[PDB]
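Asks: Going down the list, the sequences are from chains C and F. Note that the deposited numbering gives residue 366 to position 24 of the first sequence, counting from 1, and the numbers run on in steps of one. Note that the deposited numbering gives residue 171 to position 19 of the second sequence, counting from 1, and the numbers run on in steps of one. Cβ coordinates follow ideal geometry from the N, Cα and C atoms, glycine included. Here you go, one structure.
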Amino acid sequence: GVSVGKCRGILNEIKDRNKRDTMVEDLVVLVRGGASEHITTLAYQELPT
Amino acid sequence: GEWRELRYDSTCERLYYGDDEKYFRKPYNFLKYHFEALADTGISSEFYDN
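Next up, the structure:
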């Protein structure tokens, strides 16, 4: 009697994920006219109102 | 331009402006002082995310 069994197995799997996001915001003011404390308080760089 | 701080009068209930001692003598060697006022606040913000 002759009997011989052959079995071969192989597995492969790769998963990849990448995400990138950016957001930039700027605000510039320009005031000319006023010397009293009113323009000094208005010269606050920190809300455009 | 700097004589504008504050001025009050309680007896007559009179609130007025910086009229007291508002004059600046220009020291021959100076051509002109040219009082003016400008205040430019520029904010440059650049937020980057990677």
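Mind checking who F/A191 pairs with in its DSSP beta bridge?
Replies: On the second sequence, residue 191 of chain F is found 39 positions in, with the first residue counted as 1. According to DSSP, which records beta bridges pairwise, F/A191 is partnered with C/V373.
Asks: Expressed to the nearest angstrom, what Euclidean distance is found between the alpha-carbon atoms of C/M365 and C/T382?
Replies: Sequence index remark: in the first sequence, residue 365 of chain C carries index 23 (1-based). Sequence index remark: in the first sequence, residue 382 of chain C carries index 40 (1-based). Rounded to the nearest angstrom, the two C-alpha atoms are 32 Å apart.
Asks: Measure the alpha-carbon distance for F/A191 versus C/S378 and round it to whole angstroms.
Replies: Your numbering for residue 191 of chain F matches position 39 in the second sequence. Your numbering for residue 378 of chain C matches position 36 in the first sequence. About 11 Å.
Asks: With DSSP as the reference, label C/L384 as helix, strand or coil.
Replies: The residue you call residue 384 of chain C lines up with position 42 of the first sequence. Helix.
Asks: Is there at least one Cβ from chain F nearer than 7 Å to C/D368's Cβ?
Replies: Taking the first sequence and counting its residues from 1, one reaches residue 368 of chain C at position 26. Yes - at least one Cβ of chain F is within 7 Å of the one on C/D368.
Asks: Measuring only the C-alpha atoms, how far is F/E173 from C/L372?
Replies: On the second sequence, position 21 is the one that residue 173 of chain F refers to. On the first sequence, position 30 is the one that residue 372 of chain C refers to. Taking the straight line joining both Cα atoms gives about 32 Å.
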